[PDB]
Amino acid sequence: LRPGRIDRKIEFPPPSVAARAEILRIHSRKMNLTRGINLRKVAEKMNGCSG
Amino acid sequence: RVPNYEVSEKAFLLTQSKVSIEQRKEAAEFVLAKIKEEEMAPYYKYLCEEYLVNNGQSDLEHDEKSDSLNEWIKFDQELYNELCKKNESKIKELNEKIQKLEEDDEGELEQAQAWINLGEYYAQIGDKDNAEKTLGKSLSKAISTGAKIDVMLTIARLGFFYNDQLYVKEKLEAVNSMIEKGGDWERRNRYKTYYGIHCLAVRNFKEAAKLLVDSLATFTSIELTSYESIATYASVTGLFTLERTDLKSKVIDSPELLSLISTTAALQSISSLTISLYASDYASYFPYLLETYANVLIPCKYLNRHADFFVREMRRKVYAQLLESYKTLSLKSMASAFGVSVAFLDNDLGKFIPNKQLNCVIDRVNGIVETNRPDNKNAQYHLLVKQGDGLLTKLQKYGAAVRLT
Amino acid sequence: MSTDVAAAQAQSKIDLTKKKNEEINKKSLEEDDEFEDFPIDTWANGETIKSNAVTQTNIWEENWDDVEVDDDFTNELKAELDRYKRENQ
């Protein structure tokens with residue numbers, strides 16, 4: 001963790017509701033849906049904590 | 001995006017002499033307004049050419065003559081100001097911005113995407129050639145499979161917009177290979193709805209139908225016509241292709257159709273024609289037919305040209321279904337049920353006998369209609385010799401050319 | 001109008017001396033000109049310019065609907081003509 005050893009420390013939070021909708025759409029690009037399914041509402045319902 | 005399909009529907013009606021004056025000019029206002037607004041002014045040069053001696057034909061780039069009823073063909077200096085104004089601002093901005101994305105140091109994210117950005121502007125204004133060139137550059141360089149299919153759909157749409165089918169035809173055949181490479185069930189669905197439309201333009205309802213049932217459940221509209229429109233299109237294809245029981249499953253008991261109801265003039269009439277075929281109602285079959293010609297086939301941009309083929313087929317279908325069920329009928333009996341006269345019936349029947357769908361002789365002495373059935377093993381025999389004869393032609397002609405070499 | 005290299009395009013056909021023979025000899029029956037003689041004389045039909053090419057030489061397959069030129073007006077008139085008698089009985 002000392003400098004001159006490393007050069008970068010990237011931090012990742014878990015998803016936000018906006019971030020969530022994107023992550024969900026990637027998994028959805030590979031399977032079926034039906035009209036009238038809002039990816040937004042499933043982001044709200046999901047409390048999640050992992051992608 | 002969304003503006004491109006909706007303008008072209010209305011513009012096609014401007015060409016038609018089959019729609020009422022009222023309707024034609026309801027459309028003509030919508031056209032002119034959204035071309036001036038969104039800068040579809042390069043396409044407007046095409047469209048004057050397309051109206052030209054049907055209705056529209058007084059122009060400041062084509063034929064001078066007073067048999068025009070349309071003023072929405074005619075140029076304006078207001079239109080010419082609009083062209084120039086919008087073109088110069090947007091273009092100027094977008095060329096210098098794009099160039100820098102490709103300039104700076106990154107060729108897999110930024111350079112690929114910038115070419116999409118040129119492509120949106122060409123696709124917006126309806127210049128086909130220069131949209132095909134830019135978007136070629138994106139495809140050529142290496143990117144996601146999903147993006148590769150998606151970009152390619154836009155090019156296909158430009159053909160659909162111009163009302164030129166050979167252009168579409170070239171595009172979706174290429175896309176079709178890339179579908180299993182991405183493994184995307186989402187963009188297989190979006191592929192299906194596109195292919196639906198391509199099959200629809202040319203005469204081939206058989207493939208149209210398989211895809212159109214699929215397009216009711218799933219599609220999210222991406223430069224394609226409403227789901228009201230697609231629902232209507234599914235109904236029409238449904239009657240043509242499928243027998244009584246499959247008509248029942250796929251159309252009538254469709255959760256999709258049931259849940260969209262009848263909210264437009266064209267859907268209202270078509271759903272009525274499906275039910276009456278199924279119910280062995282015959283009185284209301286001929287009235288419903290006249291209404292679907294006016295209000296479904298004509299306002300289409302794909303079944304306005306297949307109108308003649310379609311109306312001839314359903315007429316043949318209804319007569320067929322009654323005969324298939326009945327060994328004997330009277331001309332008077334059959335004619336009461338349909339609501340036409342006896343004389344009017346006899347004509348339409350005797351027209352369709354040599355076309356071998358109806359399979360019935362008709363006596364004039366007693367007025368009985370006997371129903372023969374020579375189709376069976378004998379039927380399959382005529383088909384085989386005929387297709388085999390053709391195959392033989394192919395074998396000799398390809399063969400002889402090569403043997404010479 | 002050429003695409004790629006000319007190597008692929010020499011590999012997909014080299015013109016035959018046999019074809020040279022066929023073409024000129026046939027031309028004796030074709031008179032002085034009979035390649036463009038008929039569409040020169042008839043002026044390619046005496047009709048409106050329009051914008052479709054699905055009347056003759058359609059892209060889609062030819063199905064017979066040349067029989068009736070419009071059987072939709074006809075079916076309308078037939079239905080309406082019975083309509084009267086029926087109703088007024």
# chains A, B, ... in the order shown; residues from 1 in each chain; ligands from 1
call {"tool": "interface_residues", "arguments": {"of": "chain C", "to": "chain B", "cutoff": "6 Å", "atoms": "only C-alpha atoms", "output": "ChimeraX atom specification"}}
result
/C:50-51,60,79,82
call {"tool": "write_last_selection", "arguments": {"atoms": "C-alpha atoms", "output": "short mmCIF file (atom, residue, chain, number, x, y, z; two decimals), in the first residue's frame"}}
result
data_model
loop_
_atom_site.label_atom_id
_atom_site.label_comp_id
_atom_site.auth_asym_id
_atom_site.auth_seq_id
_atom_site.Cartn_x
_atom_site.Cartn_y
_atom_site.Cartn_z
CA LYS C 50 -45.68 7.01 -62.90
CA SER C 51 -43.15 5.42 -60.53
CA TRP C 60 -41.89 -10.42 -56.84
CA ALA C 79 -73.59 -7.29 -53.51
CA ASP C 82 -79.01 -8.17 -54.39
#
call {"tool": "atom_distance", "arguments": {"atom1": "CA of residue 69 (chain B)", "atom2": "CA of residue 76 (chain C)"}}
result
27.0 Å
call {"tool": "residues_around", "arguments": {"residues": "region 5-18 of chain A", "least_positions_apart": "5", "cutoff": "10 Å", "atoms": "only C-alpha atoms", "output": "list in words"}}
result
residues 23, 40, 41, 42, 43, 44, 45, 46, 47, 48, 49, 50 and 51 of chain A
call {"tool": "write_last_selection", "arguments": {"atoms": "N, CA, C and O atoms", "output": "compact mmCIF listing (two decimals), in the first residue's frame"}}
result
# COMPACT_ATOMS: atom_id res chain seq x y z
N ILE A 23 -26.70 -3.18 -15.86
CA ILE A 23 -26.06 -4.46 -15.59
C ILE A 23 -26.96 -5.54 -15.91
O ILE A 23 -26.59 -6.61 -16.42
N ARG A 40 -36.69 -0.65 -15.39
CA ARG A 40 -36.56 0.34 -14.33
C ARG A 40 -37.19 -0.07 -13.00
O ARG A 40 -36.66 0.16 -11.88
N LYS A 41 -38.38 -0.69 -13.12
CA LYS A 41 -39.14 -1.12 -11.97
C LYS A 41 -38.50 -2.29 -11.30
O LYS A 41 -38.67 -2.38 -10.06
N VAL A 42 -37.79 -3.12 -12.13
CA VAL A 42 -37.09 -4.34 -11.62
C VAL A 42 -35.81 -3.84 -10.90
O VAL A 42 -35.26 -4.48 -9.97
N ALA A 43 -35.24 -2.69 -11.32
CA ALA A 43 -34.11 -2.09 -10.65
C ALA A 43 -34.57 -1.61 -9.26
O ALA A 43 -33.87 -1.84 -8.28
N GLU A 44 -35.78 -0.97 -9.14
CA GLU A 44 -36.33 -0.56 -7.87
C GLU A 44 -36.62 -1.69 -6.95
O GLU A 44 -36.39 -1.60 -5.76
N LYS A 45 -37.26 -2.76 -7.48
CA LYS A 45 -37.59 -3.93 -6.67
C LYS A 45 -36.47 -4.67 -6.09
O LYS A 45 -36.36 -5.10 -4.95
N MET A 46 -35.41 -4.80 -7.01
CA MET A 46 -34.12 -5.31 -6.63
C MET A 46 -33.50 -4.38 -5.69
O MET A 46 -33.39 -3.16 -6.03
N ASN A 47 -33.02 -4.88 -4.52
CA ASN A 47 -32.28 -4.02 -3.61
C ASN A 47 -30.90 -4.37 -3.91
O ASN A 47 -30.02 -3.53 -4.15
N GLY A 48 -30.55 -5.71 -4.15
CA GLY A 48 -29.31 -6.20 -4.70
C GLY A 48 -28.23 -5.92 -3.74
O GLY A 48 -28.47 -5.41 -2.67
N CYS A 49 -26.96 -6.10 -4.19
CA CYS A 49 -25.76 -5.68 -3.49
C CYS A 49 -24.62 -6.28 -4.28
O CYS A 49 -23.46 -5.93 -4.01
N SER A 50 -24.79 -7.06 -5.38
CA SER A 50 -23.84 -7.68 -6.27
C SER A 50 -24.49 -7.38 -7.62
O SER A 50 -25.71 -7.29 -7.65
N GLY A 51 -23.60 -7.32 -8.63
CA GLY A 51 -24.01 -7.42 -9.99
C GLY A 51 -24.15 -8.88 -10.35
O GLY A 51 -24.73 -9.28 -11.37
call {"tool": "closest_atom_pairs", "arguments": {"of": "chain A", "to": "chain B", "cutoff": "7 Å", "atoms": "only C-alpha atoms", "output": "Markdown table"}}
result
| residue | atom | partner | partner_atom | distance |
| --- | --- | --- | --- | --- |
| A:29 | CA | B:186 | CA | 5.3 |
| A:30 | CA | B:184 | CA | 4.5 |
| A:31 | CA | B:185 | CA | 5.0 |
| A:32 | CA | B:185 | CA | 6.2 |
| A:33 | CA | B:218 | CA | 6.6 |
| A:34 | CA | B:218 | CA | 5.1 |
| A:35 | CA | B:218 | CA | 5.8 |
call {"tool": "write_last_selection", "arguments": {"atoms": "N, CA and C atoms", "output": "mmCIF file, in the first residue's frame"}}
result
data_model
loop_
_atom_site.group_PDB
_atom_site.id
_atom_site.type_symbol
_atom_site.label_atom_id
_atom_site.label_comp_id
_atom_site.auth_asym_id
_atom_site.auth_seq_id
_atom_site.Cartn_x
_atom_site.Cartn_y
_atom_site.Cartn_z
ATOM 1 N N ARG A 29 -29.775 -9.290 -22.705
ATOM 2 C CA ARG A 29 -29.478 -9.270 -24.180
ATOM 3 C C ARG A 29 -29.365 -10.685 -24.758
ATOM 4 N N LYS A 30 -29.396 -11.737 -23.858
ATOM 5 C CA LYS A 30 -29.103 -13.107 -24.239
ATOM 6 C C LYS A 30 -30.337 -13.994 -24.092
ATOM 7 N N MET A 31 -31.523 -13.432 -23.550
ATOM 8 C CA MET A 31 -32.756 -14.189 -23.318
ATOM 9 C C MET A 31 -34.006 -13.335 -23.624
ATOM 10 N N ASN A 32 -35.156 -13.984 -23.598
ATOM 11 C CA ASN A 32 -36.499 -13.545 -23.981
ATOM 12 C C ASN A 32 -37.062 -12.551 -22.986
ATOM 13 N N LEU A 33 -37.944 -11.697 -23.523
ATOM 14 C CA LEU A 33 -38.696 -10.829 -22.727
ATOM 15 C C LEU A 33 -40.026 -10.810 -23.476
ATOM 16 N N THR A 34 -40.935 -9.989 -22.972
ATOM 17 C CA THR A 34 -42.267 -9.673 -23.490
ATOM 18 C C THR A 34 -42.395 -8.288 -23.254
ATOM 19 N N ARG A 35 -43.195 -7.605 -24.167
ATOM 20 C CA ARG A 35 -43.470 -6.152 -24.091
ATOM 21 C C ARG A 35 -44.119 -5.898 -22.813
#
call {"tool": "atom_distance", "arguments": {"atom1": "CA of residue 259 (chain B)", "atom2": "CA of residue 38 (chain A)"}}
result
17.5 Å
call {"tool": "select_by_dssp", "arguments": {"residues": "region 96-320 of chain B", "states": "alpha helix (DSSP H)", "output": "ChimeraX atom specification"}}
result
/B:96-103,110-125,129-140,145-162,166-176,179-182,185-201,206-217,227-241,244-247,255-260,265-279,285-292,307-320
call {"tool": "residues_around", "arguments": {"residues": "residue 108 (chain B)", "least_positions_apart": "3", "cutoff": "9 Å", "atoms": "only C-alpha atoms", "output": "PDB file with N, CA and C atoms, in the first residue's frame"}}
result
ATOM      1  N   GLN B 111     -13.140   5.662 -32.265  1.00  0.00           N
ATOM      2  CA  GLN B 111     -13.115   5.696 -33.699  1.00  0.00           C
ATOM      3  C   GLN B 111     -14.292   4.936 -34.248  1.00  0.00           C
ATOM      4  N   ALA B 112     -14.711   3.794 -33.740  1.00  0.00           N
ATOM      5  CA  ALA B 112     -15.831   2.963 -34.219  1.00  0.00           C
ATOM      6  C   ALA B 112     -17.161   3.653 -34.110  1.00  0.00           C
ATOM      7  N   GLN B 113     -17.312   4.304 -32.975  1.00  0.00           N
ATOM      8  CA  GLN B 113     -18.513   4.947 -32.433  1.00  0.00           C
ATOM      9  C   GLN B 113     -18.722   6.238 -33.162  1.00  0.00           C
ATOM     10  N   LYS B 141     -14.048  -2.750 -39.010  1.00  0.00           N
ATOM     11  CA  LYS B 141     -13.259  -2.810 -37.854  1.00  0.00           C
ATOM     12  C   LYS B 141     -14.090  -3.618 -36.854  1.00  0.00           C
ATOM     13  N   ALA B 142     -13.329  -4.079 -35.838  1.00  0.00           N
ATOM     14  CA  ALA B 142     -13.724  -5.115 -35.003  1.00  0.00           C
ATOM     15  C   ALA B 142     -14.386  -4.506 -33.882  1.00  0.00           C
ATOM     16  N   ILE B 143     -15.629  -5.059 -33.627  1.00  0.00           N
ATOM     17  CA  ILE B 143     -16.461  -4.559 -32.550  1.00  0.00           C
ATOM     18  C   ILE B 143     -17.336  -5.682 -32.049  1.00  0.00           C
TER      19      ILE B 143
END
call {"tool": "decode", "arguments": {"residues": "region 317-367 of chain B", "atoms": "C-alpha atoms", "output": "PDB file, in the first residue's frame"}}
result
ATOM      1  CA  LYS B 317     -61.256 -19.390 -49.362  1.00  0.00           C
ATOM      2  CA  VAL B 318     -64.943 -18.874 -48.192  1.00  0.00           C
ATOM      3  CA  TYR B 319     -66.464 -20.758 -51.132  1.00  0.00           C
ATOM      4  CA  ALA B 320     -63.910 -23.520 -50.473  1.00  0.00           C
ATOM      5  CA  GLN B 321     -64.650 -23.924 -46.884  1.00  0.00           C
ATOM      6  CA  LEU B 322     -68.386 -24.507 -47.496  1.00  0.00           C
ATOM      7  CA  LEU B 323     -67.803 -26.935 -50.344  1.00  0.00           C
ATOM      8  CA  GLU B 324     -65.141 -28.950 -48.336  1.00  0.00           C
ATOM      9  CA  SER B 325     -67.945 -29.604 -45.716  1.00  0.00           C
ATOM     10  CA  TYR B 326     -70.885 -30.267 -48.156  1.00  0.00           C
ATOM     11  CA  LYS B 327     -71.293 -32.988 -50.740  1.00  0.00           C
ATOM     12  CA  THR B 328     -74.272 -31.175 -52.359  1.00  0.00           C
ATOM     13  CA  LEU B 329     -75.597 -27.577 -52.171  1.00  0.00           C
ATOM     14  CA  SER B 330     -78.214 -25.553 -54.229  1.00  0.00           C
ATOM     15  CA  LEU B 331     -77.096 -22.361 -56.017  1.00  0.00           C
ATOM     16  CA  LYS B 332     -80.086 -20.624 -54.355  1.00  0.00           C
ATOM     17  CA  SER B 333     -79.163 -22.034 -50.912  1.00  0.00           C
ATOM     18  CA  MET B 334     -75.510 -21.054 -51.133  1.00  0.00           C
ATOM     19  CA  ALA B 335     -76.348 -17.655 -52.558  1.00  0.00           C
ATOM     20  CA  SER B 336     -78.889 -16.722 -49.715  1.00  0.00           C
ATOM     21  CA  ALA B 337     -76.346 -17.452 -47.039  1.00  0.00           C
ATOM     22  CA  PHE B 338     -73.764 -15.244 -48.706  1.00  0.00           C
ATOM     23  CA  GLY B 339     -76.164 -12.299 -49.407  1.00  0.00           C
ATOM     24  CA  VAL B 340     -75.333 -12.076 -53.205  1.00  0.00           C
ATOM     25  CA  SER B 341     -77.871 -13.237 -55.905  1.00  0.00           C
ATOM     26  CA  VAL B 342     -77.851 -16.600 -57.599  1.00  0.00           C
ATOM     27  CA  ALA B 343     -76.584 -15.099 -60.952  1.00  0.00           C
ATOM     28  CA  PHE B 344     -73.784 -13.151 -59.194  1.00  0.00           C
ATOM     29  CA  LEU B 345     -72.725 -16.333 -57.384  1.00  0.00           C
ATOM     30  CA  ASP B 346     -72.567 -18.515 -60.509  1.00  0.00           C
ATOM     31  CA  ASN B 347     -70.060 -16.201 -62.179  1.00  0.00           C
ATOM     32  CA  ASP B 348     -67.669 -16.036 -59.317  1.00  0.00           C
ATOM     33  CA  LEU B 349     -67.840 -19.779 -58.915  1.00  0.00           C
ATOM     34  CA  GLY B 350     -67.157 -20.629 -62.612  1.00  0.00           C
ATOM     35  CA  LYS B 351     -64.191 -18.308 -62.482  1.00  0.00           C
ATOM     36  CA  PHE B 352     -62.415 -20.176 -59.837  1.00  0.00           C
ATOM     37  CA  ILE B 353     -63.082 -23.833 -61.015  1.00  0.00           C
ATOM     38  CA  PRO B 354     -60.162 -23.992 -63.443  1.00  0.00           C
ATOM     39  CA  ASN B 355     -57.763 -22.791 -60.675  1.00  0.00           C
ATOM     40  CA  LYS B 356     -58.257 -26.085 -58.817  1.00  0.00           C
ATOM     41  CA  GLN B 357     -58.944 -25.008 -55.126  1.00  0.00           C
ATOM     42  CA  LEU B 358     -62.693 -25.206 -55.178  1.00  0.00           C
ATOM     43  CA  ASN B 359     -63.092 -28.610 -56.798  1.00  0.00           C
ATOM     44  CA  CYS B 360     -66.759 -28.674 -57.715  1.00  0.00           C
ATOM     45  CA  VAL B 361     -68.788 -29.039 -60.925  1.00  0.00           C
ATOM     46  CA  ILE B 362     -72.104 -27.032 -61.170  1.00  0.00           C
ATOM     47  CA  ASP B 363     -75.281 -28.317 -62.890  1.00  0.00           C
ATOM     48  CA  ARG B 364     -77.846 -25.846 -64.332  1.00  0.00           C
ATOM     49  CA  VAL B 365     -80.649 -28.370 -64.902  1.00  0.00           C
ATOM     50  CA  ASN B 366     -81.480 -29.102 -61.254  1.00  0.00           C
ATOM     51  CA  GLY B 367     -79.340 -26.252 -59.748  1.00  0.00           C
TER      52      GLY B 367
END
